[PDB]
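Visitor: Here's a structure for you.
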Amino acid sequence: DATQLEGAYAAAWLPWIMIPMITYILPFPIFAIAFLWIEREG
Amino acid sequence: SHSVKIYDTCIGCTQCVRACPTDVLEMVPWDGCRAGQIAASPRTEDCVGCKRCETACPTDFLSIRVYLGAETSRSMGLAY
Amino acid sequence: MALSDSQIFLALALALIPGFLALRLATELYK
Amino acid sequence: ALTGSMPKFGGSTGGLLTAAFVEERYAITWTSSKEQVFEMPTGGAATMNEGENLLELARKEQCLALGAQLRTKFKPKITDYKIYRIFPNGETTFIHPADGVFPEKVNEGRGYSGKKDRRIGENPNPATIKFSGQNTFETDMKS
Amino acid sequence: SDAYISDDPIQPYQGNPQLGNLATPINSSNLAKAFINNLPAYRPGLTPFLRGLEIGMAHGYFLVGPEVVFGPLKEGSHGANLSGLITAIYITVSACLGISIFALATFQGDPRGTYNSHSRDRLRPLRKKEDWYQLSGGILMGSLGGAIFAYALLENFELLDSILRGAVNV
Amino acid sequence: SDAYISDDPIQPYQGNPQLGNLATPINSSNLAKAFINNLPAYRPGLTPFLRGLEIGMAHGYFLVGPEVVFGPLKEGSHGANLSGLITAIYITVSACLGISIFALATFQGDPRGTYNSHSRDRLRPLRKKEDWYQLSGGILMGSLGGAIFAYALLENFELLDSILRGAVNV
Ligand code: CLA
Ligand code: CLA
Ligand code: CLA
Ligand code: CLA
Ligand code: CLA
Ligand SMILES: CCCCCCCCCCCCCCCC(=O)OC[C@H](COP(=O)(O)OC[C@@H](O)CO)OC(=O)CCCCCCCCCCCCCCC
Ligand SMILES: CC1=C(/C=C/C(C)=C/C=C/C(C)=C/C=C/C=C(C)/C=C/C=C(C)/C=C/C2=C(C)CCCC2(C)C)C(C)(C)CCC1
Ligand SMILES: CC1=C(/C=C/C(C)=C/C=C/C(C)=C/C=C/C=C(C)/C=C/C=C(C)/C=C/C2=C(C)CCCC2(C)C)C(C)(C)CCC1
Ligand SMILES: CC1=C(/C=C/C(C)=C/C=C\C(C)=C\C=C/C=C(C)/C=C/C=C(C)/C=C/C2=C(C)CCCC2(C)C)C(C)(C)CCC1
Ligand code: SF4
Ligand code: SF4
Numbered sequence: 003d004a005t006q007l008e009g010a011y012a013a014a015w016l017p018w019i020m021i022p023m024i025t026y027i028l029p030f031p032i033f034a035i036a037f038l039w040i041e042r043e044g
Numbered sequence: 002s003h004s005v006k007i008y009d010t011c012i013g014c015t016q017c018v019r020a021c022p023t024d025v026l027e028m029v030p031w032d033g034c035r036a037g038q039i040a041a042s043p044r045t046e047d048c049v050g051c052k053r054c055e056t057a058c059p060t061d062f063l064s065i066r067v068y069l070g071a072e073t074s075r076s077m078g079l080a081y
Numbered sequence: 001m002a003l004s005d006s007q008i009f010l011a012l013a014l015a016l017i018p019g020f021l022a023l024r025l026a027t028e029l030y031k
Numbered sequence: 002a003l004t005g006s007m008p009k010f011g012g013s014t015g016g017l018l019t020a021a022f023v024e025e026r027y028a029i030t031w032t033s034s035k036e037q038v039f040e041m042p043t044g045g046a047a048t049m050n051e052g053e054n055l056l057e058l059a060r061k062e063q064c065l066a067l068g069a070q071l072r073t074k075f076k077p078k079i080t081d082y083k084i085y086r087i088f089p090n091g092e093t094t095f096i097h098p099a100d101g102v103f104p105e106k107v108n109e110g111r112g113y114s115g116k117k118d119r120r121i122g123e124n125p126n127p128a129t130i131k132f133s134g135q136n137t138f139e140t141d142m143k144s
Numbered sequence: 004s005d006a007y008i009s010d011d012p013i014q015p016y017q018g019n020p021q022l023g024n025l026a027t028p029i030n031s032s033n034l035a036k037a038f039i040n041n042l043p044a045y046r047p048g049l050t051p052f053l054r055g056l057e058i059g060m061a062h063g064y065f066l067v068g069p070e071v072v073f074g075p076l077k078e079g080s081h082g083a084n085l086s087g088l089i090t091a092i093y094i095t096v097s098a099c100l101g102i103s104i105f106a107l108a109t110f111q112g113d114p115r116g117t118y119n120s121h122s123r124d125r126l127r128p129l130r131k132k133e134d135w136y137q138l139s140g141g142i143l144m145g146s147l148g149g150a151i152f153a154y155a156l157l158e159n160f161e162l163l164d165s166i167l168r169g170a171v172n173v
Numbered sequence: 004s005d006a007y008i009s010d011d012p013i014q015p016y017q018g019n020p021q022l023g024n025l026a027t028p029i030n031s032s033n034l035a036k037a038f039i040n041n042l043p044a045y046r047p048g049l050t051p052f053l054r055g056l057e058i059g060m061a062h063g064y065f066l067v068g069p070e071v072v073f074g075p076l077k078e079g080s081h082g083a084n085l086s087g088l089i090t091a092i093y094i095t096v097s098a099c100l101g102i103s104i105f106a107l108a109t110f111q112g113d114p115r116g117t118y119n120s121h122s123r124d125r126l127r128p129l130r131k132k133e134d135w136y137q138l139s140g141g142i143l144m145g146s147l148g149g150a151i152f153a154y155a156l157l158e159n160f161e162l163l164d165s166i167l168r169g170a171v172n173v
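Protein chains in written order, with PDB author numbering: chain R, 3 to 44; chain N, 2 to 81; chain V, 1 to 31; chain O, 2 to 144; chain U, 4 to 173; chain l, 4 to 173.
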């Protein structure tokens, strides 16, 4: 029946790439950008 | 740095100066009380904020107040 | 009836307007 | 530039770290009449030499804790200690005693540096110094 | 009386008893120093890129294994080696992004702490940001290469096994 | 009368109205500068090798795709990914040969144009030939690695697909 993740909805390939980007690809760049922002010197 | 303020209810008992672990306080001549002395806080860049000076004060209310302010590496008591 | 792929892509493209308006308001409020 | 033998001590993990050499170090010098054991403010027991001793510590509070130990835990008292602040360029600054007496006594010439002629319960109440920058004790009036 | 008057195995660090360390056999013996001081982080004379390259090779190599044996793909050989390879790749890229942003944040004017010009830390010898960027590039290159070398040895384990048993001499 | 008497959004470049540029929102806003000045070509402090390494990684990665989808081998997965990989490899080696010969021809004595010692170009900061050779080596290393990383992700697309659908948790 459900051997893997599926989408019975329109553009069901979008979770497949959106969950990696939002959750483990773009976050460490965002953390690096915020760390460089809070540690930059006057 | 913290702000240590001394008010005119001071009686020059020196107990705040003796209780300071970091030597912020000293006694200066006043002629505003009969001891002839009043506390002063010039080296308030050294103040850690322990408020031992306030615990040592006998006047009600206190003649010395410490206001914890901007934290530096000296007021945080950091040996690292 | 169910939504189409083009209806999801319209949403994705149209949310770029609040997405960059939000960035403009965030930088106008000056961190 | 500072005179004195380092006290006889085996070393500890409680001593100087990076911040000693990149921010500031303190030194305390004192003269003892005999070679005798004191407690390091960093933990442990060291031996002060007969004569002039010089010890580098990380904080001014450690130098003042040692000095309070010297003048209270020893008979005769050691009251001639001097505390200096050492900067990373090597610059040494004599800080304690700031005058040359001892803060607990009263010297003619020190000068007021925290005095506020008030009575605490009459600071300006905060509604009036809102968008000013001053906060309630760094002011000049009395309400 | 006895405080540094008898000569013991544990000495003050660098002969200074007011330093916050002790000279114990683990940080001061000839074997411990000969091992540590010749590790790529501390080997004398090396450029930061070569230090980082050797650190990365050694690191990306062993980082493949934990997910090959324990990962979600462990029931099958090919997927297990791929999951270990991409885990090593991700950990390498995250660690090198951290090295780069450490160098970016630390070396701003005269740095604070051990990378200040007045610092006496013997255990942190990369004093310049150029050293840190060369190290980051080297660790990235070496670690990604060592990870794919471990991956290639695990993918061809059937061949490497038949070789090391002499099964190729028929 | 009105020529630089009213204060407009478009200013002279660097406050100099006799320079051949204008300060528009695309070359002078805080968002545009924050993006461009922190790109690896312009990020402050970086060694040329690390600049080139990150440029190459990003570049060799996307250069695999056009031939995978559109190439002569596109009717089959394995050959399409191989044609994309070798296209990225060839474009990388050609571009880095060009970087090397640009540095070889330009930096001869005092160079002419923007790499002359008197040049004021803010947009071309690799003033030395050593910077250009370190950049060429880094772009080559990073681009060949990013190309084979994209190739390895496309070869194992069946596995990466079953992973990202949770099909490996049976
Ligand atoms: C209703 C929500 C709200 C609103 C209207 C504001 C509005 C404002 N904030 Mg803010 N803020 C918020 C929520 C909000 N904040 C929350 C929940 C936090 C805690 C994280 C903060 C922490 C914060 C700080 C430290 C500062 C502000 C500041 C400001 C002012 C300047 C604008 C700005 O820089 O953006 C705000 C900057 C941010 C970074 C907002 C954080 C956005 C979210 C919460 C972070 C989530 C990150 C997440 C891990 C993403 C990673 C994954 C990714 C791939 C999706 C402005 C008036 C700045 C100021 O000048 O004060 C006057 C200032 O420096 N805020
Ligand atoms: C704030 C409302 C909101 C919330 C809580 C979510 C939550 C979610 N979305 Mg969704 N989304 C939203 C609005 C929202 N969405 C809108 C308005 C659109 C139309 C463009 C979409 C389009 C969208 C797609 C295509 C997908 C999701 C998906 C998801 C799921 C995974 C996370 C993700 O991939 O993000 C992806 C987000 C986007 C592509 C655009 C997000 C735009 C919103 C408006 C940002 C909201 C910012 C917020 C207001 C600021 C808060 C500040 C801070 C303090 C938190 C998650 C349950 C995934 C899913 O379905 O999982 C199975 C999926 O792939 N969303
Ligand atoms: C969770 C912990 C964990 C787990 C599950 C593993 C799992 C694994 N490790 Mg690993 N490892 C770990 C922690 C772990 N390790 C730690 C903490 C270290 C110390 C840093 C190591 C160091 C290590 C090394 C050096 C090797 C492994 C190898 C392996 C693989 C076993 C051999 C094999 O499958 O094929 C059989 C073996 C082969 C097919 C190759 C045989 C080895 C060749 C002939 C020589 C390798 C070069 C050699 C290291 C050069 C030395 C350089 C210099 C020091 C002289 C396996 C998947 C091996 C491997 O990765 O295979 C590719 C391997 O060589 N591990
Ligand atoms: C520390 C506790 C712990 C341990 C041992 C594990 C272990 C494991 N987890 Mg788990 N996990 C944990 C906590 C833990 N988890 C928590 C708190 C959560 C959230 C609730 C999860 C959520 C989670 C999920 C969703 C999954 C796992 C999975 C796994 C498995 C593979 C993951 C892996 O190998 O990563 C890689 C490990 C490394 C890259 C490095 C390992 C550390 C090395 C070995 C240290 C070696 C030090 C060395 C000895 C010192 C050297 C000394 C020197 C002198 C040489 C593995 C058996 C996966 C699985 O499929 O299960 C089978 C999986 O999908 N975990
Ligand atoms: C002719 C134009 C053209 C064509 C035909 C393609 C075709 C392709 N592109 Mg490409 N691309 C193009 C132009 C083009 N591109 C341009 C102009 C850019 C901007 C520079 C990109 C940037 C780009 C990226 C970033 C990626 C692609 C990918 C792909 C492949 C699609 C996904 C896939 O097959 O498997 C499905 C996807 C996967 C198997 C991997 C999923 C992505 C993982 C989870 C994360 C990737 C790492 C991420 C980029 C890290 C970000 C770093 C930093 C920015 C934060 C495909 C062959 C993907 C790819 O190459 O796959 C290897 C991909 O990741 N393209
Ligand atoms: C939600 C989908 C995925 C999220 C990924 C992106 C998340 C945000 C990434 C942050 C990059 C911004 C860097 C600003 C860089 C910049 O321009 O600096 C501007 C300002 C300070 O800049 P300075 O004045 O120092 O600029 C000087 C130099 O730039 C040159 O003079 O920084 C901020 O305002 C921080 C506040 C931003 C707060 C952001 C939160 C608002 C949410 C925005 C939503 C974005 C959606 C975009 C896609 C539609
Ligand atoms: C402390 C000690 C110990 C330990 C040790 C250890 C920890 C180990 C190890 C180990 C290891 C961990 C090793 C490693 C390694 C490695 C290697 C050997 C590498 C490599 C590589 C390569 C060769 C790569 C290549 C490449 C590149 C780079 C590019 C492209 C791709 C390729 C693949 C080609 C003991 C106790 C025992 C004793 C002694 C001392
Ligand atoms: C402007 C902009 C944009 C765009 C962006 C883009 C254009 C993108 C992209 C992207 C990309 C294009 C990305 C990339 C990447 C990459 C990577 C991630 C890499 C890698 C790699 C690796 C990891 C490699 C490795 C190796 C080596 C080196 C050696 C040996 C082999 C191997 C494989 C291991 C938008 C509008 C959206 C928004 C924002 C801004
Ligand atoms: C264009 C195009 C496209 C694409 C699209 C895409 C790829 C996208 C994306 C994306 C998206 C869809 C996005 C978005 C967004 C974001 C947002 C929407 C946001 C937000 C937020 C907010 C609202 C903010 C808030 C705040 C404030 C206010 C301040 C600060 C703090 C905070 C952060 C809290 C298509 C093909 C379809 C169509 C054609 C063309
Ligand atoms: S708060 Fe502590 S350190 Fe500060 S003046 Fe009072 S007693 Fe001295
Ligand atoms: S303890 Fe109080 S009353 Fe005594 S000298 Fe100090 S401030 Fe004055």
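Idealized CB from N, CA, C, for every residue including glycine.
1. For residue 23(O), which three-state DSSP category applies?
2. In whole angstroms, what separates the C-alpha of residue 27(O) from that of residue 88(O)?
3. Between residue 87(l) and chain R, is there a C-beta pair that is closer than 7 Å?
4. At what residues does the alpha helix (DSSP H) containing residue 169(l) begin and finish?
5. Would you mind reading off the limits of the alpha helix (DSSP H) that contains residue 119(O)?
6. List, in chain order, every chain R residue whose beta-carbon is nearer than 8 Å to that of residue 97(U).
7. Starting from residue 18(V), trace the alpha helix (DSSP H) in both directions and tell me its first and last residue.
8. Which of the three DSSP states, helix, strand or coil, is assigned to residue 141(l)?
9. Should residue 20(R) be listed as close to ligand 2, given that the test is whether its C-beta is under 6 Å from any heavy atom?
10. Would the C-beta of residue 37(l) count as close to ligand 6, meaning under 6 Å from any of its heavy atoms?
11. Do residue 107(O) and residue 28(N) count as a contact pair if the criterion is CB distance below 7 Å?
12. Run through chain O and tell me which residues come within less than 7 Å of residue 44(N), C-beta to C-beta.
13. Give the DSSP-derived three-state secondary structure of residue 146(U) in the structure shown.
14. Determine the contact status of residue 51(U) and residue 134(U), defining contact as a CB-CB distance below 7 Å.
15. Tell me which residue opens and which closes the beta strand (DSSP E) that residue 28(N) is part of.
16. Between residue 67(U) and residue 150(U), is the Cβ-Cβ spacing less than 7 Å?
17. If we count Cβ pairs, one from each stretch, closer than 8 Å, do we get three or more for the segment 107 to 116 of chain O versus the segment 14 to 30 of chain N?
18. Between residue 12(N) and chain O, is any beta-carbon pair separated by less than 7 Å?
19. Kindly indicate which residue of 43(U), 64(U), 168(U) has the alpha-carbon position closest to the one of residue 127(U).
20. What do you reckon, are the CB atoms on residue 60(O) and residue 80(N) nearer than 7 Å?
21. Alpha carbon to alpha carbon, how far is residue 19(R) from residue 36(U)?
22. Can you find a CB in chain R that lies within less than 7 Å of the CB of residue 104(U)?
23. Can you grab the Cα-Cα spacing for the pair residue 64(O) / residue 20(O), in whole Å?
24. Quick one: list the residues of chain R neighbouring residue 107(U), beta-carbon separation under 7 Å, in chain order.
25. Is the closest heavy atom of ligand 6 to the C-beta of residue 33(l) under 6 Å?
26. Do you know how far the Cα of residue 28(V) is from the Cα of residue 92(O)?
27. Report the CB separation of residue 23(N) from residue 49(N) in whole angstroms; it is logged as a contact under 8 Å.
28. Which ranges does the beta strand (DSSP E) cover as unbroken runs of at least 3 residues, wholly within the segment 23 to 108 of chain O, from first to last along the chain?
29. Mind listing the chain U neighbours of residue 34(R)? Cutoff is C-beta to C-beta under 7 Å, in chain order.
30. Just list the alpha helix (DSSP H) runs in the segment 74 to 123 of chain U, keeping only unbroken ones of 4 residues or longer that don't cross its boundaries, in chain order.
31. Quick one: does residue 14(R) have its CB under 7 Å from some CB of chain V?
32. Excluding five sequence neighbours on each side, which residues of the same chain lie with their C-beta closer than 7 Å to the C-beta of residue 36(O)?
33. Taking 7 Å as the cut-off, decide whether the C-beta atoms of residue 10(N) and residue 60(N) are in contact.
34. Can you confirm whether residue 159(l), when its beta carbon is compared against all beta carbons of chain U, has any partner nearer than 7 Å?
Guide: Let's see:
1. In this structure, residue 23(O) counts as helix in the three-state DSSP scheme.
2. In a straight line, the C-alpha of residue 27(O) is about 9 Å away from that of residue 88(O).
3. No - not a single Cβ of chain R is within 7 Å of the one on residue 87(l).
4. Note, residue 169(l): premise wrong, no alpha helix (DSSP H); not H, not E.
5. Residue 119(O): not part of any alpha helix (DSSP H); DSSP gives it neither H nor E.
6. Against chain R, a Cβ distance below 8 Å from residue 97(U) picks out 30.
7. 16 to 28 is the span of the alpha helix (DSSP H), which, as asked, contains residue 18(V).
8. Three-state result, residue 141(l): helix.
9. Proximity of the beta carbon of residue 20(R) to ligand 2 is indicated: a heavy atom of the ligand is located closer than 6 Å.
10. Residue 37(l) Cβ: within cutoff of ligand 6.
11. The Cβ atoms of residue 28(N) and residue 107(O) sit closer than 7 Å to each other.
12. Within chain O, the residues whose beta carbon sits less than 7 Å from that of residue 44(N) are 99, listed in sequence order.
13. Correct three-state label for residue 146(U): helix.
14. Yes, they are a contact pair.
15. Run containing residue 28(N): 27 to 30, per the beta strand (DSSP E) assignment.
16. Yes, the pair counts as a contact, with Cβ atoms nearer than the cut-off.
17. Contact between the segment 107 to 116 of chain O and the segment 14 to 30 of chain N is present, with at least three C-beta pairs closer than 8 Å.
18. Closer than 7 Å to the CB of residue 12(N) there is not a single CB belonging to chain O.
19. Minimum Cα distance to residue 127(U) is reached at 43(U).
20. At a Cβ-Cβ threshold of 7 Å, residue 60(O) and residue 80(N) count as neighbours.
21. Straight-line measurement puts the Cα of residue 36(U) at about 49 Å from the Cα of residue 19(R).
22. Between residue 104(U) and chain R, the shortest Cβ-Cβ separation is below 7 Å.
23. Straight through space, the alpha carbons of residue 20(O) and residue 64(O) are spaced by roughly 16 Å.
24. Those are 38, listed as they occur along chain R.
25. Checking the Cβ of residue 33(l) against ligand 6 gives yes.
26. If you draw a straight line from the Cα of residue 92(O) to the Cα of residue 28(V), it is about 46 Å long.
27. About 6 Å separates the two Cβ atoms, so the contact holds.
28. If you keep only unbroken beta strand (DSSP E) runs of at least 3 residues inside the segment 23 to 108 of chain O, you get 26 to 33, 37 to 40, 46 to 49, 52 to 58, 83 to 87, 93 to 97.
29. Think of a sphere of 7 Å around the beta carbon of residue 34(R): the chain U residues whose beta carbon falls inside it are 100, 104, in chain order.
30. Secondary structure remark: continuous alpha helix (DSSP H) runs of at least 4 residues inside the segment 74 to 123 of chain U, in chain order: 80 to 109.
31. Residue 14(R) does not count as touching chain V.
32. Only 48, 49, 50, 51 meet the Cβ criterion.
33. Contact: yes.
34. Answer yes: the Cβ-Cβ gap between residue 159(l) and chain U drops below 7 Å somewhere.
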